[PDB]
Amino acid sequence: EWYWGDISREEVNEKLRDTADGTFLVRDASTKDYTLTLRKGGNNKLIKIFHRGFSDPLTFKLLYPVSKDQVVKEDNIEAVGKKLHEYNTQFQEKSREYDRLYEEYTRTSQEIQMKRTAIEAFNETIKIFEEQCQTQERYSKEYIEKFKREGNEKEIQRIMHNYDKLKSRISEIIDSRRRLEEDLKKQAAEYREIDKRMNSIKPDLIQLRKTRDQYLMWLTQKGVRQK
């Protein structure tokens, strides 16, 4: 049965979402008498049914109809209510788990970006320090030659001591970069695992909400009506 009563345009959109051409359902007008919604070219077409159909004189293709699958399979209100409580409990727990997973996903994605920027800064720093070695080498050669021929042993040792200081600093910066690259490699793997966990929880969270909402709708239907 394609007739769906007092359901909103947004409820129809959810029911016609990603459906094939020809999918339809007739509902009460959003306040005006009945609205026919037809799926055509990836869009939901609204066709009014005037009463006094939609032609010039009211002489009172639609292939697949959205019918009113029973997700709820219980006899009484007590069993339905007990099941709604179970599904709502699982839903709130899974929603809280997903929120926690999303915060860790964001934190990991942000820290990955910080580490990537720091690696580029390490690369630029190492270059500068290597350029410094090269500068020391270009100048040192002519002066080392002179002090050796002159006989100043302590002076060549001073030039050598400073060059050793420069090389040990370069080695320390290189090792700091290597350690950062390792932490990034391990965090990039942690990210993929968090993305995987979230890709598994998302479909299950959506199905759980839909079932909860269905049991809520059943309880509303069976309970005392009018407002």
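In this text, rigid core is short for the largest set of C-alphas that superpose within 1.5 Å between two forms. From 1 onward, residues are counted along the sequence shown.
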| item | value |
| --- | --- |
| More variable segment, 158 to 166 or 174 to 182 [Cα RMS over structures in 8 other deposited structures of this protein, core-superposed] | 158 to 166 |
| Divergent stretch in 8 other deposited structures of this protein, 127 to 135 or 149 to 157 [C-alpha RMS, superposed by the core] | 149 to 157 |
| Coordinates lacking for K32, a third or more of other entries | yes |
| Missing residues, deposited sequence, between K186 and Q187 (class: none, 1 to 3, 4 to 9, 10 or more) | none |
| Interresidue gap class [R52, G53; deposited sequence, unmodelled] | 4 to 9 |
| Segment of higher mean CA temperature factor, 166 to 174 or 34 to 42 | 34 to 42 |
| Between the two ranges 207 to 215 and 21 to 29, the one averaging a larger CA B factor in the entry | 21 to 29 |
| Member of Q110, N152, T125, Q90 with the greatest C-alpha B factor (per the PDB record) | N152 |
| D99 CA temperature factor, ranked by third within the chain | middle |
| For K148, the third of its chain into which the C-alpha B factor falls | highest |
| Assigned third (lowest, middle, highest) for the C-alpha B factor of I194 | lowest |
| Assigned third (lowest, middle, highest) for the C-alpha B factor of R138 | middle |
| Within-chain third of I159 by Cα B-factor, per the entry | middle |
